[PDB]
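All remarks here apply to the structure that follows.
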Amino acid sequence: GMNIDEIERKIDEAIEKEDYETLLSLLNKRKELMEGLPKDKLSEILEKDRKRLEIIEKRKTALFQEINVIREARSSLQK
Amino acid sequence: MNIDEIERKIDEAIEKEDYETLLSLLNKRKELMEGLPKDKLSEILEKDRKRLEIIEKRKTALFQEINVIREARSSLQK
């Protein structure tokens, strides 16, 4: 099966691609490995996950922004 | 810009998913609507119904992308 280093690499690749469905699948496979890691490896992954969360939150807020521009455009197109 | 150029650019902005330009264009178009012939106005209104269907589908896709992100966020917060 896929090792922790490969999974982590692919997780970052998926985030860069903005492929959130594949990100989910990867996190679900990673879930199995988290308890067996050495303490320092787990710590580093958890810190990186914090940075990964920021990246996807940035995108989330940007998607809401785009939806609000669409709502404004609708005001002229509707009726 | 004349009406036919504004209309063309509206459809180009929708295809490019450039909603700020779309909004900009629609604001520019408002000035011209009152002076149009009846048939031209009828054509534009029917086109707007179809344009709105396109952006509404886009809005649905954005909310679905937001939902995927929420799942990923939950998974990263475990």
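All residue names refer to the structure tokens as shown: chains lettered A, B, ... in order, residues numbered from 1 in each chain, ligands numbered from 1 in order.
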
Could you list the residues in chain A lying within 10 Å of chain B, using only C-alpha atoms, and format the result as a PyMOL selection string? chain A and resi 18-25+27-28+31+46+49-50+52-54+56-57+59-64+66-79

CA of residue 1 (chain A) to CA of residue 35 (chain A), distance in Å rounded to a single decimal: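 Going from CA of residue 1 (chain A) over to CA of residue 35 (chain A), I get 16.3 Å.
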
Mind listing the alpha helix (DSSP H) residues of chain A, per DSSP on the backbone, as a ChimeraX atom specification? /A:4-17,20-31,39-77

CA of residue 3 (chain B) and CA of residue 31 (chain B), how far apart in Å?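 Calculated distance between CA of residue 31 (chain B) and CA of residue 3 (chain B) is 9.9 Å.
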
Calculate how many Å separate CA of residue 8 (chain A) from CA of residue 29 (chain A), rounding to one decimal.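 Separation between CA of residue 8 (chain A) and CA of residue 29 (chain A): 10.6 Å.
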
Nearest residue to residue 33 (chain B) out of B:7, B:57, B:64, B:15, using only C-alpha atoms?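 Using only C-alpha atoms, residue 33 (chain B) sits closest to B:7.
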